[PDB]
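Q: Before I ask anything, let me first share the structure, which is written out below as structure tokens.
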Amino acid sequence: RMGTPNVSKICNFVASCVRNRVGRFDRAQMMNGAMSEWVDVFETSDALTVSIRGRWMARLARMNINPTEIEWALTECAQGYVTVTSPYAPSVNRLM
Amino acid sequence: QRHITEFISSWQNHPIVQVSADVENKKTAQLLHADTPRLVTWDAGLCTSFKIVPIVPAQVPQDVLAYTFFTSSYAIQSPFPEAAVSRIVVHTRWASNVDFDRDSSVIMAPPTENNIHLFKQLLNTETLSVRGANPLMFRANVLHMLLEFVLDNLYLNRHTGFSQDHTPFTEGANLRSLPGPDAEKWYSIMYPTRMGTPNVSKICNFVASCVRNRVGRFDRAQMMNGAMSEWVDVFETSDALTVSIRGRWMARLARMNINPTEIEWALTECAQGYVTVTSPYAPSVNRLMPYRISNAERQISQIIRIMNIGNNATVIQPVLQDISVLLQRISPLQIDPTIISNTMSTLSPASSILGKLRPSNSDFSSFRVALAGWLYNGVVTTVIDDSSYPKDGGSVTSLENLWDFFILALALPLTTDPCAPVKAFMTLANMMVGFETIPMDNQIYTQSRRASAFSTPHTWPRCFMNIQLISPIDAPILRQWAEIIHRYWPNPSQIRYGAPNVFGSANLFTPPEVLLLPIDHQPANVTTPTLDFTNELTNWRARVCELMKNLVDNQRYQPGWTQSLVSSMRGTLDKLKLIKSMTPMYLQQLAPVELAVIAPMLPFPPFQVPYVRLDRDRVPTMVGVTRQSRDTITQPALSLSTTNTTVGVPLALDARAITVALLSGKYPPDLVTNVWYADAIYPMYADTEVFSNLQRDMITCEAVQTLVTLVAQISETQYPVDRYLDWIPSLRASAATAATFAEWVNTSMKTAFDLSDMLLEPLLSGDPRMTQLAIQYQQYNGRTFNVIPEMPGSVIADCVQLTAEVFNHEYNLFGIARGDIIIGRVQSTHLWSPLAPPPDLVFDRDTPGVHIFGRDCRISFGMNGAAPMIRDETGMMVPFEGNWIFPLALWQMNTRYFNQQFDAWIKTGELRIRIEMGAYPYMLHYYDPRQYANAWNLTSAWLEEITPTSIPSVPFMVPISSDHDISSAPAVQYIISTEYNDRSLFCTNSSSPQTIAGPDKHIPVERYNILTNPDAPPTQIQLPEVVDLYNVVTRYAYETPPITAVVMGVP
Amino acid sequence: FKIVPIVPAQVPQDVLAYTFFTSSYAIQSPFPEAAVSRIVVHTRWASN
């Protein structure tokens, strides 16, 4: 995106760099006010920290549970002494 | 004529007419709700998009100034104004007259004026400067421009009457009369040959040379009214392209044309014989009723409808509400829960239930809503609040809980939920816990587990699945209930619907002519009695009452009762079981008849999937839809469809209200069903909008096919598509870029059809690169059904290809300049144009020593007496002079820097640089040759307008045309084009008799070939090279009857 | 990790031709432009 205005190795290197590998690579969304659960994009960054965050996400996903499951469990724990309730709708992506 | 729907009843002198709301007389009449474009139009004005503009008249010797008769003189008027130079100008339908406007007209400014707005009509609209357009967006803009021209030309020329002429040349000849004034000016344009040319001028010489026979009406339809025939052929100035496009549009209308007798039969079928339309009609010679359609178009449209719906509950609630209002006034049946209360004649269990009922509320929406949901079986789910069920699973001793159970049992068969029987069974088990024992196959699910948790078949218990597996001894009341449910479980029904010959049906997951129902229905009989155990609901109520009595008989479930309520409870239950409600009777006969009548009435076809009452394995789990072809693999993204996990939208309704209504139904005592229905239906049928919905759907289908073809045309795809204007500049647009351009096309189409409703919004929603639409659904056992429709071709695409080839032949006429230009100041007394200057003066591309410069080429600058020579791309440093070749893209990258380096060279430098342009829009300025001309300031301004993002249309300064020798003064111009693009000029200096040398332009014989050449046949064509400005044309008059029905009885 | 500039390039000089003077353009750069520059680890240096 920077203007070359130089024959610098950087300027030659930018011309060499692939034009198409730019912008969001992919996303889990399209609708307005419908956030992508995940999105892929080519950008300056370091692979190692991204990999670390991905493994962190994997462990969190391993512990994640669904809200309907939670409502049933809480109701059972209450034993009818108290009642907890959840409405019926598709997962909007809340980590549990 | 204001009425668009005309209905006359046979049993009443009360005709009912449906009209557009725009009319001033909606008195006691239905109106047309759907937003629909008027595709058919009649033209009261010339269908001309191009008008020549004459810069200065030229005439020489002239025989006569006015025709002489008695003391009066007929004036001589030239349809073509005289000019030293005359060029046509673009204003689509500039001479047309119509009540309806496409609002797609294109006006191109005259050559002295800038037409940049049309070139920038698409992506270049956002420019502060009037001039200037982005090059890589040019191809998209041109395609859209052609599209707008076609949409703007969607009209029919109304046939009009003719008149005998009294002008001497065609005295007694028949001239079609244009409306009111200018008709003689219009006559001169249609029949320039009629105009005499006593004066001598190139126009006059041409008129004198013209053939007398090629004028007036070529032919007329033998049938005619007064001076006007059904169709006619006449000789006049015209554009073949528009006529050809209209012919294709007319051909589509001809295929769509439908016949009235078929309509009468279809109307009778829709009425189901309740009402019948009459056609003892005098035939219309031009009667036109375009109602031919294919169910495949309907299927594509419904897939679009589902994507467009994007689960909008807000859209669904109103349709259901309007339908419920219709059912409320479409049903003569009266509901009287207070009558039930009086029959009861009422610590009281009856008092408890009465307080629970709270009958004061007068709203009955839920029952009608339930019927509507049954109609949309596939997309609708009926659900019940657990709170409707007894609190805490109810109490064996609770009388109020007993009331809840009875009401729940009554509405349980009603619920569309497939696992609802399982839930009711679980509910009974929950109340039975500690009295009867139910085994559970799964530890996770308990006997007291809330039934709503068991919302799916896989959670159906194996003990629940086999009654024999459960011990009858363990839960004998429960065992009996299971057997009774199997013995009396409700039966759903399927009823024939739709008319294939016209509307047909697009049903895929369901049979097209069959309508699915969750309730078995039987033939209506007016004499039928109130009591009917044969009715499934009545039998169910009776069985449930007896089962409850058996359960409460020992009072084991209700210990602690000092007094036996068994006798009282049995009496109340017996009265309830024997209640003479006609609501089940009404549902058995009246409800089916009403639903059958409304099915054609439904504006939106219901979505249903096959009903499997006991087929748990064959119960479908979900429905999948695809925008891509199966072979392609693409990212799945977040969508609206996710919001409804259930394919049927879940709906919860008030069970108490529905149960009370079911127990409280009575018809009017003297009511005649046929009479009541015919009376209500006749205005309602006069209110039909199905035709409008069908027309909108057909337009959407045509648009979709055209869109996919255009996407292949303007994008790189595997499918081969002809693009002859790839030379027109364009970058590789991202799918989103193409989609945004497509969205602009869609907004244009809606405005063109004046559409107030959203069009193809799901199509514009996203996933523009979708290879194929496909849909499938699967069963709990895992069996699946997949439906994929086949694309029907679009006339628009073929017309587009033809126009594209015409543009490629006529792009110079089109006003866009192909090729590049060379920068060189030149002052001379010769008239050579930038389009046609001396070639030697321009350095040709294949020339030695021309300089092209490398992007990183070493650059040297001199300051404070320093002198720099730029190292060349070849690597040899040279002075800033000579003939150079510069790529435009490099220039855009460094426009300011290049201008600064050559600014001295640009103003006074003899250095000549060629920037490769390939194609571009151009701007024309006329100038006076006898006064000094300097474009250097003008060139600087144009260069400053040139920008890295995009460049302005080239500004051209040209001299005023002259037919006579005139004095001249020096003129300085640095812009030199490499090719002649002056084909656009219609004529030059009509006055001059002959030219020894240099440019001279006359009226084109080929464009006036029929008039110019007698040998040429009238229908002979020179397309695409020559387009005749004046030609013989066909105008037809047709008459269209809109929806009209005469309602009567069946023979 | 963020690159840190160690040694910059040498400019300006009278002899140097300036149709070219790159420093005259002064465009912002993604990475440091210098005679010597080295990458450095700065965890969450741009993180918010």
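Every chain in the structure tokens has a letter given in the order shown (A, B, ...), and although residue numbers restart at 1 in each chain, ligands are simply numbered from 1 in the order shown.
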I'd like the contact shell of residue 9 in chain C - 10 Å cut-off, only C-alpha atoms, skipping same-chain residues fewer than 6 positions apart - returned as a PyMOL selection string.

A: chain C and resi 33-36

Q: List as a tab-separated table every residue of chain C that is in contact with chain A, defined as an atom at most 7 Å from one of its atoms (using only C-alpha atoms), together with the nearest atom pair and the distance in Å rounded to one decimal, sorted by chain and then rising number.

A:
```
residue	atom	partner	partner_atom	distance
C:22	CA	A:6	CA	6.2
C:27	CA	A:3	CA	6.9
C:29	CA	A:2	CA	6.5
```

Q: So that I can see what lies close to residue 537 in chain B, please list as a list in words the residues with an atom at most 8 Å from it, counting only C-alpha atoms and leaving out residues fewer than 4 positions away in the same chain.

A: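 Skipping anything fewer than 4 positions along the chain leaves residues 490, 533, 541 and 584 of chain B.
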
Q: Determine which residues of chain A sit within 8 Å of chain B, taking into account only C-alpha atoms, and present them as a list in words.

A: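 Listed by rising number, the hits are residues 6, 7, 26, 27, 28, 29, 30, 31, 34, 35, 36, 37, 89 and 90 of chain A.
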
Q: Mind checking DSSP for range 10-88 of chain A and telling me the helix (DSSP H, G or I) residues as a ChimeraX atom specification?

A: /A:10-16,47-63,67-78

Q: Give me a file of those residues, with C-alpha atoms, as an mmCIF file, in the first residue's frame.

A:
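As a result, result-v7.cif now contains:
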```
data_model
loop_
_atom_site.group_PDB
_atom_site.id
_atom_site.type_symbol
_atom_site.label_atom_id
_atom_site.label_comp_id
_atom_site.auth_asym_id
_atom_site.auth_seq_id
_atom_site.Cartn_x
_atom_site.Cartn_y
_atom_site.Cartn_z
ATOM 1 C CA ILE A 10 12.315 -2.765 -0.164
ATOM 2 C CA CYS A 11 10.702 -1.162 -3.249
ATOM 3 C CA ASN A 12 11.803 -4.044 -5.526
ATOM 4 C CA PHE A 13 10.676 -6.524 -2.821
ATOM 5 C CA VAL A 14 7.199 -4.892 -2.628
ATOM 6 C CA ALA A 15 6.814 -5.265 -6.426
ATOM 7 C CA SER A 16 7.854 -8.947 -6.001
ATOM 8 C CA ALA A 47 2.794 -17.131 13.634
ATOM 9 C CA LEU A 48 4.014 -18.350 17.065
ATOM 10 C CA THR A 49 1.710 -16.150 19.214
ATOM 11 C CA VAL A 50 -1.218 -16.972 16.885
ATOM 12 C CA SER A 51 -0.462 -20.711 17.327
ATOM 13 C CA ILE A 52 -0.305 -20.229 21.111
ATOM 14 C CA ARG A 53 -3.682 -18.441 21.102
ATOM 15 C CA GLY A 54 -5.111 -21.259 18.919
ATOM 16 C CA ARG A 55 -4.013 -23.931 21.445
ATOM 17 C CA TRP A 56 -5.450 -21.733 24.249
ATOM 18 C CA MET A 57 -8.725 -21.590 22.262
ATOM 19 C CA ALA A 58 -8.606 -25.387 21.820
ATOM 20 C CA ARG A 59 -8.350 -25.951 25.617
ATOM 21 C CA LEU A 60 -11.152 -23.413 26.240
ATOM 22 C CA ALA A 61 -13.293 -25.177 23.592
ATOM 23 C CA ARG A 62 -12.498 -28.480 25.374
ATOM 24 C CA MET A 63 -14.063 -27.062 28.588
ATOM 25 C CA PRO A 67 -26.411 -23.016 27.862
ATOM 26 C CA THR A 68 -29.303 -25.512 27.661
ATOM 27 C CA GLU A 69 -27.034 -28.074 29.389
ATOM 28 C CA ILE A 70 -26.349 -25.471 32.132
ATOM 29 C CA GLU A 71 -30.072 -24.759 32.675
ATOM 30 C CA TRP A 72 -30.797 -28.481 33.159
ATOM 31 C CA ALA A 73 -27.820 -28.927 35.501
ATOM 32 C CA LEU A 74 -28.689 -25.862 37.626
ATOM 33 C CA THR A 75 -32.335 -26.946 37.884
ATOM 34 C CA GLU A 76 -31.233 -30.443 39.012
ATOM 35 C CA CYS A 77 -28.778 -28.928 41.558
ATOM 36 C CA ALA A 78 -31.624 -26.705 42.871
#
```

Q: Please tabulate, as a Markdown table, the residues of chain C that come within 7 Å of chain B, each with its closest pair of atoms and the distance in Å to one decimal, counting only C-alpha atoms and ordering rows by chain, then residue number upward.

A:
```
| residue | atom | partner | partner_atom | distance |
| --- | --- | --- | --- | --- |
| C:17 | CA | B:860 | CA | 4.3 |
| C:18 | CA | B:861 | CA | 4.8 |
| C:19 | CA | B:861 | CA | 4.4 |
| C:20 | CA | B:859 | CA | 5.2 |
```

Q: Residues as selected, N, CA, C and O atoms, written as a PDB file, in the first residue's frame, can you do that?

A:
```pdb
ATOM      1  N   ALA C  17      21.369  13.609  -7.180  1.00  0.00           N
ATOM      2  CA  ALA C  17      20.282  14.043  -8.095  1.00  0.00           C
ATOM      3  C   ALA C  17      18.946  13.956  -7.358  1.00  0.00           C
ATOM      4  O   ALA C  17      18.722  12.935  -6.660  1.00  0.00           O
ATOM      5  N   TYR C  18      18.075  14.951  -7.540  1.00  0.00           N
ATOM      6  CA  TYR C  18      16.809  14.971  -6.765  1.00  0.00           C
ATOM      7  C   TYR C  18      15.549  14.949  -7.625  1.00  0.00           C
ATOM      8  O   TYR C  18      14.570  15.547  -7.167  1.00  0.00           O
ATOM      9  N   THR C  19      15.618  14.510  -8.888  1.00  0.00           N
ATOM     10  CA  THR C  19      14.311  14.318  -9.539  1.00  0.00           C
ATOM     11  C   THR C  19      13.988  13.260  -8.508  1.00  0.00           C
ATOM     12  O   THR C  19      13.023  13.417  -7.761  1.00  0.00           O
ATOM     13  N   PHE C  20      14.971  12.384  -8.279  1.00  0.00           N
ATOM     14  CA  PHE C  20      14.855  11.247  -7.329  1.00  0.00           C
ATOM     15  C   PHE C  20      14.751  11.540  -5.826  1.00  0.00           C
ATOM     16  O   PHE C  20      14.149  10.656  -5.187  1.00  0.00           O
TER      17      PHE C  20
END
```

Q: Could you tell me how far CA of residue 160 in chain B sits from CA of residue 39 in chain B, in Å to one decimal place?

A: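 Interatomic distance here is 20.4 Å.
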
Q: Near residue 320 in chain B, within 9 Å and counting only C-alpha atoms, which residues show up once chain neighbours fewer than 3 positions away are dropped, as a PyMOL selection string?

A: chain B and resi 316-317+323-325+365+368-369+372-373

Q: What is the distance between CA of residue 394 in chain B and CA of residue 616 in chain B, in Å to one decimal?

A: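 Between CA of residue 394 in chain B and CA of residue 616 in chain B the gap is 28.0 Å.
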
Q: Between C:48, C:28, C:37, C:23, which residue has the minimum interatomic distance to residue 6 in chain C, considering only C-alpha atoms?

A: C:37

Q: Considering only strand (DSSP E) as DSSP defines it on the backbone, what residues of range 562-718 of chain B qualify? List them as a ChimeraX atom specification.

A: /B:620-626,649-652

Q: With C-alpha atoms retained, export the selected residues as a CSV table (one decimal), in the first residue's frame.

A:
```
chain,number,residue,atom,x,y,z
B,620,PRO,CA,-37.3,-34.9,8.9
B,621,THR,CA,-34.7,-33.2,11.2
B,622,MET,CA,-33.7,-30.1,9.2
B,623,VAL,CA,-33.5,-28.5,5.8
B,624,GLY,CA,-30.2,-27.5,4.0
B,625,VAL,CA,-29.9,-25.0,1.2
B,626,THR,CA,-26.8,-24.3,-1.0
B,649,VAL,CA,-40.6,-21.6,13.2
B,650,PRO,CA,-41.6,-22.5,16.8
B,651,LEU,CA,-45.0,-20.9,17.9
B,652,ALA,CA,-46.6,-21.0,21.3
```

Q: In Å, with one decimal, what is the gap from CA of residue 293 in chain B to CA of residue 253 in chain B?

A: 11.0 Å

Q: Which one is closest to residue 590 in chain B: B:330, B:16, B:277, B:263? Count only C-alpha atoms.

A: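 So, comparing all the options, the nearest one is B:330.
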
Q: Within 8 Å of range 922-938 of chain B, counting only C-alpha atoms, which residues qualify if same-chain residues fewer than 2 places away don't, as a PyMOL selection string?

A: chain B and resi 111-115+815-817+906-907+920+940-942+953-960+966-974

Q: Can those selected residues be exported to a file as a compact mmCIF listing (two decimals), in the first residue's frame so that it contains N, CA, C and O atoms?

A:
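Heads up, here's the output in again-v4.txt:
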```
# COMPACT_ATOMS: atom_id res chain seq x y z
N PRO B 111 -21.89 17.86 -28.53
CA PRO B 111 -20.42 17.85 -28.63
C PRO B 111 -19.77 19.10 -28.01
O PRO B 111 -18.69 18.94 -27.47
N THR B 112 -20.39 20.27 -28.13
CA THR B 112 -19.85 21.48 -27.44
C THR B 112 -20.00 21.32 -25.93
O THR B 112 -19.36 22.09 -25.19
N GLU B 113 -20.85 20.38 -25.48
CA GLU B 113 -21.10 20.19 -24.03
C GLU B 113 -20.53 18.85 -23.55
O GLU B 113 -20.29 17.96 -24.37
N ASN B 114 -20.30 18.72 -22.24
CA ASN B 114 -19.69 17.49 -21.69
C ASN B 114 -20.78 16.46 -21.34
O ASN B 114 -21.72 16.84 -20.62
N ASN B 115 -20.63 15.21 -21.78
CA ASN B 115 -21.60 14.12 -21.48
C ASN B 115 -21.00 13.22 -20.40
O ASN B 115 -21.51 12.10 -20.20
N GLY B 815 -19.13 7.54 -28.51
CA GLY B 815 -18.59 8.71 -27.79
C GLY B 815 -17.44 8.38 -26.86
O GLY B 815 -17.06 9.27 -26.07
N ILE B 816 -16.91 7.16 -26.92
CA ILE B 816 -15.70 6.83 -26.11
C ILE B 816 -14.51 6.70 -27.06
O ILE B 816 -14.67 6.01 -28.09
N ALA B 817 -13.37 7.30 -26.73
CA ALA B 817 -12.24 7.30 -27.69
C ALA B 817 -11.26 6.16 -27.43
O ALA B 817 -10.53 6.23 -26.44
N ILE B 906 6.38 20.82 -21.20
CA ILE B 906 4.94 20.83 -21.58
C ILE B 906 4.58 22.21 -22.14
O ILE B 906 3.92 22.25 -23.17
N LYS B 907 4.99 23.28 -21.46
CA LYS B 907 4.58 24.63 -21.92
C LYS B 907 5.30 25.01 -23.21
O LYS B 907 4.62 25.44 -24.16
N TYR B 920 -10.69 5.96 -24.01
CA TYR B 920 -11.08 6.94 -22.96
C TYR B 920 -12.26 7.79 -23.42
O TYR B 920 -12.46 7.93 -24.63
N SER B 940 -2.92 22.45 -19.02
CA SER B 940 -2.46 22.39 -17.62
C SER B 940 -3.66 22.02 -16.75
O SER B 940 -3.54 21.11 -15.93
N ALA B 941 -4.80 22.66 -17.01
CA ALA B 941 -6.00 22.39 -16.19
C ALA B 941 -6.40 20.92 -16.35
O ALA B 941 -6.67 20.26 -15.34
N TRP B 942 -6.38 20.43 -17.59
CA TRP B 942 -6.79 19.03 -17.83
C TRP B 942 -5.81 18.09 -17.12
O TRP B 942 -6.25 17.12 -16.52
N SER B 953 -12.05 13.17 -18.80
CA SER B 953 -12.26 12.99 -20.26
C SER B 953 -11.38 14.00 -20.98
O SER B 953 -11.32 15.16 -20.54
N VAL B 954 -10.73 13.57 -22.06
CA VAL B 954 -9.77 14.48 -22.75
C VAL B 954 -10.53 15.68 -23.29
O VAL B 954 -11.51 15.48 -24.01
N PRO B 955 -10.03 16.91 -23.08
CA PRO B 955 -10.71 18.11 -23.53
C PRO B 955 -10.16 18.42 -24.92
O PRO B 955 -8.96 18.50 -25.07
N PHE B 956 -11.05 18.57 -25.90
CA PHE B 956 -10.59 18.81 -27.29
C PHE B 956 -11.07 20.20 -27.71
O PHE B 956 -12.24 20.50 -27.50
N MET B 957 -10.18 21.01 -28.28
CA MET B 957 -10.62 22.33 -28.82
C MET B 957 -10.66 22.21 -30.34
O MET B 957 -9.62 21.87 -30.94
N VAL B 958 -11.82 22.48 -30.94
CA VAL B 958 -11.96 22.30 -32.41
C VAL B 958 -12.48 23.61 -32.97
O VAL B 958 -13.11 24.34 -32.23
N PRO B 959 -12.17 23.96 -34.24
CA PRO B 959 -12.68 25.18 -34.85
C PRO B 959 -14.15 25.15 -35.28
O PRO B 959 -14.68 24.07 -35.49
N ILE B 960 -14.76 26.33 -35.42
CA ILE B 960 -16.15 26.39 -35.97
C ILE B 960 -16.08 26.00 -37.45
O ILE B 960 -15.20 26.53 -38.17
N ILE B 966 -12.32 31.89 -44.83
CA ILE B 966 -12.37 32.85 -43.69
C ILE B 966 -10.93 33.12 -43.24
O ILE B 966 -10.06 32.27 -43.50
N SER B 967 -10.70 34.27 -42.60
CA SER B 967 -9.34 34.59 -42.08
C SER B 967 -9.04 33.71 -40.86
O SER B 967 -9.99 33.16 -40.28
N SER B 968 -7.75 33.53 -40.55
CA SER B 968 -7.37 32.65 -39.42
C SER B 968 -6.29 33.31 -38.56
O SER B 968 -5.63 34.24 -39.06
N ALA B 969 -6.17 32.87 -37.30
CA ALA B 969 -5.11 33.39 -36.41
C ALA B 969 -4.40 32.19 -35.77
O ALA B 969 -5.01 31.10 -35.73
N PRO B 970 -3.16 32.31 -35.27
CA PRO B 970 -2.41 31.15 -34.78
C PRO B 970 -3.16 30.41 -33.66
O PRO B 970 -3.79 31.06 -32.86
N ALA B 971 -3.12 29.07 -33.69
CA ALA B 971 -3.75 28.30 -32.59
C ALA B 971 -2.75 27.27 -32.05
O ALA B 971 -2.20 26.51 -32.87
N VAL B 972 -2.58 27.21 -30.73
CA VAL B 972 -1.56 26.31 -30.13
C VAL B 972 -2.29 25.16 -29.44
O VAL B 972 -3.10 25.44 -28.52
N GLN B 973 -2.02 23.92 -29.86
CA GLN B 973 -2.65 22.74 -29.22
C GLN B 973 -1.60 21.65 -28.96
O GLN B 973 -0.93 21.26 -29.93
N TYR B 974 -1.51 21.16 -27.72
CA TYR B 974 -0.48 20.15 -27.35
C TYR B 974 -1.08 18.74 -27.37
O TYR B 974 -0.33 17.76 -27.20
```
